[PDB]
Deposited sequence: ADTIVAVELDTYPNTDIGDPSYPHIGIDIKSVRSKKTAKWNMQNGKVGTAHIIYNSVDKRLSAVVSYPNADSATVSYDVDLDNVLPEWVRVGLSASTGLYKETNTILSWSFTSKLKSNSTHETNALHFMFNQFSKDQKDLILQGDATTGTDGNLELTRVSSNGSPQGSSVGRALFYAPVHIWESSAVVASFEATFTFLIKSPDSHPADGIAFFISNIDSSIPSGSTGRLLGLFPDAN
């Protein structure tokens, strides 16, 4: 199986697999069952921003999600990436839908990593119809209104999964990275599902079979 470190923006509580009873953001280390979560007052139809940061000095992964004019949701956790991830990885964005659904629209994505010094930076503020520096998996598509649609849209569809990975491998392991993305999750359902994640993976990571819904396109099961 693939090795995954991720930050999830989990819009749909699946309390049967350990997710708190409310929308939450969490840090996922080799399992969909987050090591730590924070309540997320998710806003249907508004543009939100997510910011992820890591350094090898304190070796803590930290994330914050926000909308303009509202309090943000943060979470942080100890993790030594040398133990969890291979030395070279692939960075990406993942999303899914299940029974319930929502748009998983990405309007912008930036990433910076330094390994001290060698560095990689990319910034997307728009996405073209053939964005050759992204590897699109599953249902993900680019270029409709200049955005990245991680899951299928006609209006959002159910039982969809998709992801977009930066084309180049990244040398992940002082060592550090940051990622930022903007997203629009809209849904006609009064329950949106399921969510978006920023992830870091083995270079040859692919969508696990049966990873729609509560598995976010990241994991082959809920273990």
item: Missing residue ranges, deposited sequence indexing starting at 1; value: 117-122, 161-163, 183-187
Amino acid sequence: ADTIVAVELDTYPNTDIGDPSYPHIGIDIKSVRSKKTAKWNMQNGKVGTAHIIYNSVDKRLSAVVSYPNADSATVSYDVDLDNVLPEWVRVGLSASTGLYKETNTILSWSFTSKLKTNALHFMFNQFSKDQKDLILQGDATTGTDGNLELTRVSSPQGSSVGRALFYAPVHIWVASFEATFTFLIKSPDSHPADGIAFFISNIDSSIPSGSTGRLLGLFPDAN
From here on, numbers count along this sequence of modelled residues.
{"query": "Given 29-37 and 162-170, the range whose Cα B-factors average higher in the PDB entry", "finding": "29-37"}
{"query": "Between the two ranges 66-74 and 43-51, the one averaging a larger CA B factor in the entry", "finding": "66-74"}
{"query": "C-alpha B-factor winner, where the candidates are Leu107, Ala119, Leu81, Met123", "finding": "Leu81"}
{"query": "Of the residues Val91, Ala95, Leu115, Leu136, the one carrying the largest Cα B-factor as recorded", "finding": "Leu115"}
{"query": "Ranked against its chain, the third holding the CA B-factor of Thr144", "finding": "highest"}
{"query": "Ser154 CA temperature factor, ranked by third within the chain", "finding": "highest"}
{"query": "Among modelled residues of the same chain, the CA temperature factor third for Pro208", "finding": "middle"}
{"query": "Chain-wide C-alpha B factor ranking for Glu178, given as lowest, middle or highest third", "finding": "middle"}
{"query": "B-factor third for the C-alpha atom of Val57 within its chain", "finding": "highest"}
